[PDB]
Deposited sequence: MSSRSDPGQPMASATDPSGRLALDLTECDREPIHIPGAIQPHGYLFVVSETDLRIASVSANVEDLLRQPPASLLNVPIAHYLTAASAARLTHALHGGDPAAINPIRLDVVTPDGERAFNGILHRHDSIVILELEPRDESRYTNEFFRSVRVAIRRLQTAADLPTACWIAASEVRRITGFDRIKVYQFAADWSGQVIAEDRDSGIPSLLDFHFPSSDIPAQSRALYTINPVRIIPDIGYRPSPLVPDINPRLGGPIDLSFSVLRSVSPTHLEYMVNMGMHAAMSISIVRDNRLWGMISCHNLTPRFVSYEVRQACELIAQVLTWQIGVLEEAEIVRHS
C-alpha cells in the first residue's frame, strides 16, 4: 500500500480536452502552458513564456479576464485568436500558491436550459421532503443522471474504516448495477480523500487520454512544481485510470458529500464511452449534492 503516497496534486500534466496557462496577476504574462497549446496556437510551448496572454485573446476577452482578476465569476467566456480562426472557450480561473491558473474548457452546449433549471428546482424541492436516506440519495442520483446523460450514477457512503457501499443508484437500460456493493478503503486512498474533501468536483471525460505536460512545471513565484490541487484539468493517477479500464467505464465524474469537514460519501458517475460535462452542468450537480448533504443531516438528527 504505496496507494496513499502517490503525489496526485503535482502530476506536471493535464487532461488534454482543455488548455492551461499560469499567468501573472500584474500584466498577465504567461509563466507556464500545457504542451497541447502548440496545436491551439501553432507555436512551440517554450516560446510563449513571458508573453502577455492578451496577445492571443480578443479585446473583449482580454478585458473580461482582466476584470475577473483585478476586481461568482467562473466560467468566463474567452475567445482565443488562432491562426486557423477564433475559438470560443469556458475560462476557469483560480488563485492558489501565489499564482493564477487559467483553464480553457469547451463551452456549455444545451438547447434546453429553461427545462434544465426547472428540473434542478423540482429536484431540490423533492430532496427537501425526502423522508428517508435511500429516497434522498435516489432523488439526487436520478436528477444527476437526467442532466449529465451518464449511464450510471451511484451514491457511495463511507464506513468508519473508509471502506464504502453503493447505497443508491440510477442507471440507463442495459447498464450493469453495483447497488448495495461494498468496496475496500484502498480504492479511494487517503491522499485522494483529503483532496476530495477540499476540492469537491472532478471529471475524467476520457480515461484513455494522453497526459499533456506543463511547460515548464515550475511555480514562478515560489519555485517547485505547479500544485494542481484546484485545477479542473489536472492529470489523474494512472493507477486509477487502470482501475477504470477494468471497470469497463471510460468517462468518470464525481462530486464529494462533505459533512463536518469530513468526507461522508461521493456521487460517482460512469459512462461506457468517453463523455464531457460542461462546467455549468457540474456546478448544478454540486448544488444537488450540497442540498442532499443538508438533508442527510436533517434525516440523521430526526432519528436521534
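ask   = Numbering the deposited sequence from 1, which residue ranges have no coordinates here?
value = No coordinates exist for the deposited residues in 1-25, 97-100, 334-337, so these stretches are absent from the model.
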